Each structure stands twice: as structure tokens, then as C-alpha cells.
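Q: Chains A, B, C and D supply the protein sequences, listed in that same order.
Here the numbering used here is used: the first residue of the first sequence is 7, the next is one more, and so on.
Here the numbering used here is used: the first residue of the second sequence is 434, the next is one more, and so on.
Here the numbering used here is used: the first residue of the third sequence is 588, the next is one more, and so on.
Here the numbering used here is used: the first residue of the fourth sequence is 925, the next is one more, and so on.
All C-beta atoms, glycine included, are put in the ideal place defined by N, C-alpha and C.
Shown below is the structure under consideration.
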Amino acid sequence: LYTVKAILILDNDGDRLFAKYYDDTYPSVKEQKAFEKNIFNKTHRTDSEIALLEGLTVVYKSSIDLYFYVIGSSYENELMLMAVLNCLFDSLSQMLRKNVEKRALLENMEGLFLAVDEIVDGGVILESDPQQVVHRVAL
Amino acid sequence: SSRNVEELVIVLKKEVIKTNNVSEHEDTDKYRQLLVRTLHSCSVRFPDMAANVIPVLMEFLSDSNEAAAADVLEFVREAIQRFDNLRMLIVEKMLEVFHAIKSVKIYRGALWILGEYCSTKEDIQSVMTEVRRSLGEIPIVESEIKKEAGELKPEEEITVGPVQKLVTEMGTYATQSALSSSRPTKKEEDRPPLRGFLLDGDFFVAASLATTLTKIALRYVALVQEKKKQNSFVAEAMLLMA
Amino acid sequence: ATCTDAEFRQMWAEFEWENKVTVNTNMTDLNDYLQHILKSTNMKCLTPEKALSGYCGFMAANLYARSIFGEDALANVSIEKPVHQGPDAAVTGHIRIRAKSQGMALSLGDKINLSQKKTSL
Amino acid sequence: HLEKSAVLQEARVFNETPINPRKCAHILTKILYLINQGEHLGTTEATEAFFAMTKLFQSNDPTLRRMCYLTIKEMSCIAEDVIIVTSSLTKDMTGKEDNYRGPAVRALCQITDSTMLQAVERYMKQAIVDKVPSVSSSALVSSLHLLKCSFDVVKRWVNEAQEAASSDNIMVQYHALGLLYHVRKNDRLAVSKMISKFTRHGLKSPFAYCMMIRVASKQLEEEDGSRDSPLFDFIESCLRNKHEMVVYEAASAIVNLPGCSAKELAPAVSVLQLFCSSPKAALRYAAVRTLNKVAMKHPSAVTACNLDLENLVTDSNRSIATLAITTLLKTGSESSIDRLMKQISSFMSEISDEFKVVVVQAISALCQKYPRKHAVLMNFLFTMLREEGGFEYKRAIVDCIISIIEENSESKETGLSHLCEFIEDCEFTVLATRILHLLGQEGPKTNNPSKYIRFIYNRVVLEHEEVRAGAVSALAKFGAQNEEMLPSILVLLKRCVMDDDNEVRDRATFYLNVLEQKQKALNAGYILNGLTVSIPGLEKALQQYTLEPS
């Protein structure tokens, strides 16, 4: 039981606006931020549903001032990961009552924290239905 | 000066790294090292300077950063090659900062002083052993410890490892294997040509001044005089860059 | 223009001279054909970069020029004249050449072979 | 954003009389923020905050309940007397609504230990069977965590877990089958029964397929007693649902280790299954591949080739281009190597930095891995030396040299010699060490050592200690192996460079004295060819494989 390695929603530098680690491989801030900077550097300023970083398929999207991440295994493809990443974007948008930017996330830090935990649970994909997550969470 | 040597030693004493002033010490290793070599070249030039240099060198060591010791140990060890059983006194100071370690340089240099100097001291299993089971960076450490560890007088040390344990150690560190000083840090030598073997063959007479490592250690390769750059560096290190 | 060992060394470091050719009629030492020809492609054989002995003793010339081409020109002419039982290729010399973007490097490379003109009207 | 001390502290009021769901929930949000923003809690204040929060469980508000689940899991390990919160979680857990149901089981089970395992079971059995994915999946992941604390309690849940497995709902099934496989295991055979039950089925759950493919990938013919085939009628060997990841995972295992052989509607020996998905968008990355395939990656390789090769050449986008190199690498093999090498040559032109180092390593690495001759490998290794001149390293001097002395040595030294003409001291410690080590060791009669010596002599002056020390010792060995050489050793060693620097001096004093002074019993003995300091494997090729599409 494992698909998603980690989820990060990063500003346009790779610094932690947010990350919640569905791996046990980053718990300390220094390394959680390093990871975040690492994934953001590869993936950014080339938007696609694919990136390969650290031998893992990284699926990412972007907004005005954020890049949104799911990191998962590379034995899969973008599309499986993408379903998590689409939930992540979508659910935060509907939850916060505003599209994902740094402003929406900061506006409601609580909605963001709770919403992401419903999407991924210890690296298993707990939820992937944006609607379900949003009802499930209370602001 | 006398030539250049006298006033260069005074001048170098001010420039070279100390525990006295921290406006003359720096944690960048090459500059520190170079400054030790400049001070030390004055001795090699002129005798009077040997007597001044060795106590100042011990102050250089007293900084007690891994690296700070390290640079210090590296030149002084060259000085001993020139200055045979004259710098017996330094060995005990030189061991001290060898234990907190994160670099190659400290291991290299210390192992050489402690190694050549063995008759003078008796500490050596204890000093070497904390480092031998400690880590840092150890490539070049191998080369320098390989020619070095046994040397001088066959049985004139003992703390829980006499000079013979040292020859055992010296051989293990070079490329062999042996329980001694709670095993050495690494065994696999530095740059491809060097290898263990020459010294392994060597130590005909176990770490004793004869025709062994000790000989080599208490002798200096070719001519070594002046500031012609034969165990020397040619004035004060900062002026030379220009 | 000319260099000393320090200027040559600095320029060696400054920009690459990996480019080499072996030029025939560099059988001879630095002084003879090689100097005269090198002169005509406004070059000059100066200081050494050699290390001679009983096993070593290729003749080495450090060359310099400052071309009106927006480049300098440098080269080292190594003359492979046997001082060993196994020479490179016997007599001949390999000229390792450069210029500042190695556009004159090539001039050095071939203008150290031969060079002669005459008529008798 | 926040300060961990102030927020951990003000939480202590809960422990007394104030419960204020708004204030406490905020304070909790702040805790989650301290972690999220990246901060580390202080233990005294954390321990205190944890005992305080449990009072807050009395008030049942969905946002406060939510805060409470995340905060207790994060604060659980950096807190004491946490056991009090179990009751409060059970109280919450039985309360109907997904907000409580799912999030509580997960928070409770994390804190729960074998003593406490028994308590959660009634509520767990009720939560696992749910076809409402939140409650069931959280309960299924929760059970996975609990297998640690106590196995036996979790095992009883196999029936509820199986019940969830029968859903075609993606989560409920993924979690149900995945968890079951872990749980019921006491022997292979009982797990195998669980898998066969779902196995005949054409799911619409890609995740279940994937987790199961992995269990399945090996030949299982004892599924539900016994059966006459390794058969998997769920995509692993079948292709009932198309979707490029599932299709890729399945196709690479089945082809040369049947999970079942090829069907007209489900290729499973033939190379096809990957290939029909192969022309695609970004999606293509799974599809285009290969791995194994009948009988080789090469007939397979041709399909996909248009896709992998055009992206790899065109895209100087890192994200696309990486997928394109991995995909080229996958369609590769022994045969493919002609093609793979031209492409990899081409690739650095798109991304050229580290990627440059990697392609010049790759072309050599591929030649060693997939044979196009060992010589060609050396010639590629020259091209690597030429292009980078510094991203070769120390491990390269040892690996190039060891590899080289299989055949190349006379040539390699000579090539190296030419290569050394490059750049006097920016070429690095390593190249000088390679020409030096090789010229020392071979003792050229293939070319005159005098060029080599002259080249090395200059490099030593202005380059690092380790090479200058290397140069004296090499010279000494060079002396012992070849008598001729001794005159050059003497001009070099008297110099302030190859001796009388620092490290260089010490080694030199030894090496010199042994050659000069002593018998050279030692020197003779020491040179056995004049070999390296260690002989590892062939490190480059694996390194290179991962490193290129990063």
C-alpha cells in the first residue's frame, strides 16, 4: 500500500508555503525544505504532467505563484499521480473558497492542512475525489 | 634582517595562525598551511630560527580546530625531516589536537610527528587510537601514516601499545590488516602510484634509526637550505602571491 | 611578440592548447627550420617546457605572438628526437598549438613544416 | 509565520476549565502551522499541550474534531500520558458523518497500541465495510498500522477487509486488497485465495490493479486452492483496462515471465501491450517503454522509437527530455546500442551542463555494458576526457586505469599523453594523476616517455599536493621497473615541486631514499606493474544510468 511519496505545494522558489510528508524520509525542516527546493528546481519552468526527479515520477501543475506537487513512484505514470495532484488542486480550491495561490493557502492555513491529510494518508492515497474531501473537512 | 630570514620570522610570527589573536588565524586551510610553511622556511634557512619556530608552531596548533591543528602539523613534520631529533620536544604538544578531527591533514601530520618522535614520548596507542577509530576524510592520511608510524627507537614507548604495536599499526594502515590501535581508519592508500608495499617491506629493523622509515624520516630529501624553495617557501606567503 | 615561461604558463592555463598535430620536418631541433618558418608566421621560439635527461629530452620551445586577428598565438614545439629505445615516431615533432580561440593555432601547426619560394626569370 | 513556544504554551488553559472550541481550534491550527511552515516543538510545552487537548474532545464540533486528529498525531510522540485520548477518539469514531469517522480511526489507531487494540475493534469493523471511501479506506490504512502493535486483532478484520475488496470503487478496493495481502498472510496460499477471488474481474480501479500487480507479478498457481494457470484476468497479464501505467507494469513482467500467456484481446508474451498505448501525450512515458519483452527489448524497441527519439532530440525542456532519455534507455539492448549511442551523443545538445558529462560517460558506459568493443569504450573514455576535462574525478582515474589494463594500456597512456597537452593546471589533479600513473606503470616504449614526462612536469608545479606526491612515488616505481628511466627521476625529484613541497616531500623522502640510497629490493618488490591503489568494479555505467534523465 503506497503510491504517493509526498505532497508539496510550493511557492515559485521551492520554499515551504506547504509540504506534508507522506514519506518518513522528511520530518526535519531542513531536509523537508531541501526536498521542496529540489523538486521545484527540476520541475519548474517546464510545465508538464511528467518530470522525473530522484528516480520517482513527479507530477506537478502550476498556478499564478505556486507549483503543486505529488511525488509518487515511476513504475506508474503521470496520470495515476495526476489524479492525486488534480484532487489536491481542486479540493483546496473548493475548500478555501478561492483558487490555490499563496494567498488562498495563507488565508486559510487550517483548510489547507486538513484537506491534504484527507487526500494522502502515510503515502497511500486515501482520497482522490475533491468533493468528498471538501465535505469531509470543516473550515 | 640577517638576510631576509630574521625579519621574515618576526613578520611571519604576526601573520601565521595562533590562539593569541584571532585576527591572524582563519579557518581556510591552505592560507593557514602556507603561513606555517613560511614561518618554518626561516628555520630551514637559518638555524637560530629553528629554536624560535618550534614553540610558535605549538601555539599555532593550540587553536584546536581539526583543520587548524592540521595545517600546523603538516609543515612542522617537514621541519623535523630537516631538523633531526631537535624538535623532540614538540611531539607531546602535537598529539593533543588530533582527536577532534574532520579532515585528512590533521591525521597526516600528527601521525607523522607522533610517529617519528616515538623515543621521546610513550603515549602513542592512546593518542593515535581515538583518531584511528574516528572519522573525517582519510585518503592522503594513508600515504603519510604509511611511511611514518613506527619510527625511532625499537621499544621506547608503551601506554597499552609499545613502538612494536605501532609498526603493526603502521603496516595495517599502509595496506595490511591487524588489530592494533582499535584498527586504523582506512587502509586503501591515496593516489594510485603510492601503494603500501615499499614500507611494508621496510621496517627491517623495527622502527629504529638504521636503514628504515626512521632513516627517511630523520633525513631530508635532497638539498634543503635557504629560501630557494627546498623545504622552503620563499619569504612571507602573502607578499609572494603578488 | 614573445613570452617568458611565466607568461606562457599563464596563457596555458588561461586557454586550452590541447589541439596538436604532428608536423613532418621537425626532425630537426627548435633552432633550425622550425624557428625560421615559425618566424614567417610571425612567431618566435622562446623559453622551454622541458625536463631533459637520459630518457627525457624532447626539445621544447614556448612560442608566443600577439596576432592582429584579435587573438594571441602560442604553441609548444616538441621535437621527438629519440632519447629512448621506443620513440614516439622517431624524429619528427609534435607541435601542440593554440591561439586565443585557436584560429591562428592552425597557422603554427602547418607553418613549421616547410616553406620556400624562388623563380629565375 | 509563528513562534512554537507561544503557541505550545497558551494551549495549557484547556487543561483547566476553559474548553472554548473557537479559541482552542485556532491554537491547534497554529500547532499544525508550526510544523507545516517548518519548526520543531519544544517537549515540555508539547507534553502539557497534549494533556490539555483531551478536555477539548468533550465538545463535538466538526472543525475542532478535525484539528484534534491532526494535532494529536503530530504531537503524539513528543508528549506524555497520551493514553487518555483513546476514549475520546472512540466516542468521536462511532459518531456518524465522514468528518468524524474517517479522520478519527486514523488518529486513534496511530496512538493505539496492542493493549488498546481490543477497544477499537467494534468501531473498526463498522468503519472497514463502508463503501463510503473515506471511512473504509482510513479504517483499512489504519489496520495496516495496527498489524505492528498487535497482528491478531487485525487479522480478525480480514472478513470486513474482503467485504470492502468486492467494491469496484477505487479506494475501497485498493485499500481492501492491499491491506488484505499484508494481513491474512500466514502462508502464501491464504493470500493467494484472497487474490484469486478478485482476480476474475475487469476492475475500473486502476490503483487496485497496480497494488495487486505487484503481488501477482510472480507466477501464482495456488490461488484459491489451485488453478491450471498463473492467470490474472485483471490487468497484470490482461489488458482489460487501458491506462498507460497499469499497461506498462503488466506488459514488462508478463512478456518473458508469464502471469499468463498472450491472448488476442490481452497480449502477454507478445511485445504489443505497451506499444498500442505508445504514441501519446506526456502520458506516453509509461506507454512507450519496454523492459524484458519477447525475446529481447529490441523488436519491441522499434515500435515506440519515433516517440522516444523525437522528444529526446527536440525537447530541451528538462521534464520532457528526461522521459525521452529513460524511454530510449528502456527500448535499448545489445543490438539497440548503435542507435542508443548516436542518440545519447545528440542528447547533450539539448541539456548540456552535468548532462554533458553524462552523455560522454554514457556513450563509454553503453559501449562497456552492451559491447561495441572494449577499444571503442576507451576511445569514448578519451572523448569524455576531452569534453569535460574535470568532471572525470578520482574514481575515474582508478576505474579508467583498471579497466584499461584489460587491453588498452599502451594506447591509453599515449592518448592520455595527448590529452594532457590540454590545459596546464585546470585539467585537474586527476588527469595528471592518470597520465602519470599510466606512464609510470606501462613505462612507455610505445611512445617516448620524454613527452609524457615533460607534460606531467609542468602540471605538477601548479596542481594539488596529492598529484605531486603521486608523481614522485610513481617515478620511483618507474625507476625500479625500467633502468633507463632513472636519469629523468633524478632531474624531477631534486626540483622544489616533485619533492620539497609538503606531503610531496615526505613521500618523496621515502620513495627517493629507497630508490637512491637503498637496495631497491623494496622498490622492485613494490612494482608488480605499478598498478593502482585499489581495483573496484565498473562503477560508471550504473551511475550514468540513473544520472542521465534526472
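For B/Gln-514 and chain D, any beta-carbon pair shorter than 8 Å?
A: It does: the Cβ of B/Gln-514 has a partner Cβ on chain D nearer than 8 Å.
Q: Report the residue from C/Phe-602, C/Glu-605, C/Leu-625 and C/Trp-604 whose alpha carbon sits nearest the alpha carbon of C/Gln-703.
A: Comparing Cα positions, the closest option is C/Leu-625.
Q: What does DSSP give as the partner residue(s) for C/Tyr-651 in the beta ladder?
A: C/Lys-631 and C/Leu-661.
Q: Among B/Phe-516, B/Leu-519 and B/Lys-580, which has the Cα closest to the Cα of residue 413 of chain B?
A: Within the shown structure, residues of chain B are numbered from 434 to 675, placing residue 413 of chain B beyond reach of any answer.
Q: Tell me whether C/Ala-686 sits in a helix, a strand or coil according to DSSP, three-state version.
A: If DSSP states are grouped into helix, strand and coil, C/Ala-686 belongs with the strands.
Q: For a contact meaning CB atoms closer than 7 Å, what does D/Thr-1250 contact in chain A?
A: Neighbours of D/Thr-1250 on chain A, chain order: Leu-58.
Q: Beta carbon of C/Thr-634, beta carbon of C/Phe-602: below 8 Å?
A: Result no, Cβ atoms of C/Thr-634 and C/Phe-602 do not sit closer than 8 Å.
Q: Under the three-state reduction of DSSP, which class applies to A/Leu-16: helix, strand or coil?
A: A/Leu-16 falls in the strand class under three-state DSSP.
Q: Examine the Cβ distances between the region 1352-1360 of chain D and the region 1311-1318 of chain D and report whether three or more of them are shorter than 8 Å.
A: Yes, they touch.
Q: For C/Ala-588, which option in C/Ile-655, C/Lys-668 and C/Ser-707 has the closest C-alpha, if you only look at C-alpha atoms?
A: The shortest C-alpha separation from C/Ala-588 is found at C/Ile-655.
Q: Between D/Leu-1439 and the rest of its own chain, which residues show a CB-CB distance below 6 Å, the 5 nearest in sequence each way excluded?
A: Correct list, in chain order: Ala-1400, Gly-1403 and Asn-1447.
Q: Drop a sphere of 10 angstroms on the beta-carbon of A/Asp-127, count the other beta-carbons inside from all chains shown, and report buried for 16 or more, exposed for fewer.
A: Buried is the call here.
Q: Mind listing, in chain order, the continuous alpha helix (DSSP H) runs of no fewer than 4 residues lying wholly within the region 1373-1401 of chain D?
A: The qualifying runs are 1373-1385.
Q: Using the rule of at least 16 other Cβ atoms within 10 Å of the residue's Cβ for burial, across every protein chain shown, is D/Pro-1460 buried or exposed?
A: D/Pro-1460 is exposed by the Cβ-count criterion.
Q: For chain A, check one thing: does any of its Cβ atoms lie closer than 8 Å to the Cβ of D/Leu-1103?
A: Yes, its Cβ sits closer than 8 Å to a Cβ of chain A.
Q: Is DSSP giving A/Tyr-66 helix, strand or coil here?
A: Reduced to three states, the DSSP call for A/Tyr-66 is strand.
Q: Using a Cβ-Cβ cut-off of 8 Å, state whether A/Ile-45 counts as contacting chain D.
A: So, not an interface residue.
Q: Which residues in chain A sit within 7 Å of D/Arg-1242, going by Cβ to Cβ distance?
A: Per Cβ cutoff of 7 Å: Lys-48 and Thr-52.
Q: Flag this pair as yes or no: are the beta carbons of B/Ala-668 and B/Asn-437 separated by less than 8 Å?
A: In contact: B/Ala-668 and B/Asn-437 (Cβ atoms closer than 8 Å).
Q: So if DSSP puts A/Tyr-73 in a beta bridge, which residue, or which two residues, is it bridged to?
A: Paired residue(s): A/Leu-16 and A/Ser-68.
Q: With DSSP as the reference, label B/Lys-661 as helix, strand or coil.
A: B/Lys-661: coil per DSSP, three-state reduction.
Q: Output the boundary residues of the beta strand (DSSP E) element that contains B/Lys-535.
A: Neither: B/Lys-535 is in no beta strand (DSSP E) and is coded neither H nor E.
Q: Anyone know if the C-beta pair for D/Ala-1088 and D/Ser-1066 falls short of 8 Å?
A: No, the pair does not count as a contact, with Cβ atoms beyond the cut-off.
Q: Check each candidate in D/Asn-1453, D/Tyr-1450, D/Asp-1232 and D/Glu-1427 and name the one with the smallest Cα separation from B/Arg-541.
A: Minimum Cα distance to B/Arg-541 is reached at D/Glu-1427.
Q: Of all the residues that make up the region 567-589 of chain B, which are near chain D by a beta-carbon distance shorter than 7 Å?
A: Per Cβ criterion, the list reads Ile-573, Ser-576, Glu-577 and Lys-580.
Q: Using DSSP bridges, identify the partner residues of D/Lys-1369.
A: In the DSSP output, where bridge partners are listed per residue, D/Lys-1369 has none listed.
Q: What separation, rounded to the nearest whole angstrom, lies between the Cα atoms of D/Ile-943 and D/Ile-1275?
A: If I take the Cα positions, the gap works out to 59 Å.
Q: Whole angstroms are fine: how far does the CA of D/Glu-1387 sit from the CA of B/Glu-590?
A: The straight-line gap from Cα to Cα measures roughly 39 Å.
Q: Indicate whether at least one CB of chain C lies closer than 8 Å to the CB of D/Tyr-1381.
A: So, interface residue.
Q: Check whether the region 1115-1125 of chain D and the region 1139-1154 of chain D are in contact - that is, three or more C-beta pairs closer than 8 Å.
A: Judged by Cβ distances under 8 Å, the region 1115-1125 of chain D makes contact with the region 1139-1154 of chain D, as three or more pairs qualify.
Q: What are the start and end residues of each continuous alpha helix (DSSP H) run of 4 or more residues lying completely inside the region 477-514 of chain B, in chain order?
A: Taking only runs of at least 4 residues, the alpha helix (DSSP H) segments lying wholly in the region 477-514 of chain B are 481-494.
Q: Secondary structure at C/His-681, three-state DSSP: helix, strand or coil?
A: In the structure shown, C/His-681 sits in a strand (DSSP, three-state: E or B).
Q: Quick one: what does DSSP say C/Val-608 is sitting in, helix, strand or coil?
A: In the structure shown, C/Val-608 sits in a strand (DSSP, three-state: E or B).
Q: Exposed or buried, A/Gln-38, counting other C-beta atoms within 10 Å across all chains shown (16 or more means buried)?
A: Result: buried.
Q: Report the neighbours of D/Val-1415 on chain C: residues whose CB is nearer than 9 Å to its CB, in chain order.
A: Near D/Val-1415 (Cβ distances below 9 Å), the residues of chain C are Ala-638, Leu-639, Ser-640 and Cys-643.
Q: What three-state label does DSSP hand B/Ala-543 in the structure shown?
A: DSSP places B/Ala-543 in helix when its eight states are reduced to three.
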